[PDB]
């Protein structure tokens, strides 16, 4: 067994809390084990066909050692930009921006604690926030079509650690992985993206297929967790 007592194919405990804050149309605190990310979906009137932007960031204290605030430093880190763009791509893949009307949805993912898999947790939670924002826009009757979402989005890290394929890697496993990867998938039997291979690793087709098989199994578990959380009543006051 792993360090956290998990089996190789097991996700960490996933906790999805809708309406963690009240101002955003969507506000979801998602936890993959000790990894905690607050994902919000803010709605505005007027695009700059609707639009969806995505921004990812980590609180200075989220990491084991405190990192400098990017605002203080005066610039975004490369990693930040990389992840933000991944999230933006991932979410747009399952939303019909024409059915959204000329609206703008700003996705914000702020990591409160980082113990590996922060970008995949962020994507998984961001989708729930997006669902709530859409529910909100629907109530306020601002959607060109009642169902802009064509599929659900989830994501999970996967890699070879200690000679074995494992899913949802915490910090310690990730730093030890001979090959690692982030998989974004839909509940409608399709892929959205495979992202961010670990530094210095090259993989064979067979290895890719096995990594995908693992990740897709785990994603199914994520879709269910999302469905369970979304089955509850909207945590706020509908327009």
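Positions refer to the first chain, counted from 1.
Undergrad: Taking residue 48 and residue 49 as adjacent modelled residues, how many residues of the deposited sequence between them have no coordinates (none, 1 to 3, 4 to 9, 10 or more)?
TA: Unmodelled stretch: 4 to 9 residues.
Undergrad: 227-235 versus 213-221: which one carries the higher mean Cα B factor per the record?
TA: If you average the C-alpha B-factors of 213-221 and of 227-235, the larger mean comes out for 227-235.
Undergrad: Higher mean Cα B-factor in the deposited model: 70-78 or 113-121?
TA: Here the higher of the two C-alpha B-factor means belongs to 70-78.
Undergrad: Among 157, 84, 104, 90, where is the Cα temperature factor highest, going by the PDB entry?
TA: If I rank 157, 84, 104, 90 by C-alpha B-factor, first place goes to 104.
Undergrad: Have a look at 153, 161, 98, 167 and flag the one whose Cα has the highest B-factor in the entry.
TA: The C-alpha B-factor peaks, among 153, 161, 98, 167, at 98.
Undergrad: Per the entry's values, where does residue 207 land by CA temperature factor relative to the rest of its chain, in the lowest, middle or highest third?
TA: Bottom third by C-alpha B-factor.
Undergrad: Lowest, middle or highest third: where is residue 36 by Cα B-factor in its chain?
TA: Lowest third.
Undergrad: Relative to the other modelled residues of the same chain, rank the CA B-factor of residue 52 and answer lowest, middle or highest third.
TA: Tercile = highest for this residue's CA B-factor.
Undergrad: Hey, what third does residue 130 fall into on Cα B-factor, ranked over its chain?
TA: As the PDB entry reports it, the C-alpha B-factor of residue 130 lands in the middle third of its chain.
Undergrad: Relative to the other modelled residues of the same chain, rank the CA B-factor of residue 191 and answer lowest, middle or highest third.
TA: Its C-alpha B-factor belongs to the middle third of this chain's values.
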